[PDB]
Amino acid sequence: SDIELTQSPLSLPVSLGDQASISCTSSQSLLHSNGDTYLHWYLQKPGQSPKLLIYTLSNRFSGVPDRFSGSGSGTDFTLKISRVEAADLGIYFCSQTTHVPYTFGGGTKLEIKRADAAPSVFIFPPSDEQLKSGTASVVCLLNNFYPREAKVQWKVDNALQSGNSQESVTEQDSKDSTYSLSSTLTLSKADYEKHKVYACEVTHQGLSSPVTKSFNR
């Protein structure tokens, strides 16, 4: 029965120079009997520790600009960011210290919004070198697209695959604000050699229908 703090949404794409607002919902009332409400917001930048923005509901930590604004009461709390700058990007956590033990929300990632862009899709057979070594990995690449959400599926001889693939996604790109993604299908050499057709099928917002990249061996 600890205080759970639920943030929404998970990731928030915004245009730089626009408003952003982030919600943090508390499983209980955080209003202390002294009249303060001990709900705080931090920002964590990649490879750095959390830094305080707003404390006890709506106070600015010293040097925090007022374009960062905290409000709420009871169980609903908001962080509004007013003129989103680049150095504002990263993960925002809420935290309550009203009740012991102090808790943290799961975090909201503030991202850059931009127009859709379809991925370029490429497929890579396993190297002969890897095959000699016993396994067979097939790599499917989705390069430079937006937004992040993407469905990648594997088909071997038209048989949809399950449980033999891992995806990894890059952070948002400096220059063009896109993502890239790797899907890796991992098989044993013997498995790999028994089938001819390997196809990576991709579903994404920026495409009108799914694209399938494939090779025959």
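Residue positions are given as counts along the sequence shown, with the first one as 1.
Just going by the entry, 68-76 versus 112-120 on mean CA temperature factor gives the higher value to 68-76. Averaged over their C-alpha atoms, the temperature factors of 175-183 and 188-196 are higher for 188-196. For the set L142, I91, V139, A86, the PDB entry puts the maximum C-alpha B factor at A86. Per the PDB record, residue ranking by Cα B-factor puts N158 in the highest third of the chain. In the PDB entry, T25 places in the middle third of its chain by CA B-factor. In the PDB entry, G35 places in the lowest third of its chain by CA B-factor.
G107: CA B factor in the lowest third of modelled residues in this chain (values from the PDB entry). Ranked within its chain, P147 lands in the lowest third, by CA B factor from the PDB record.
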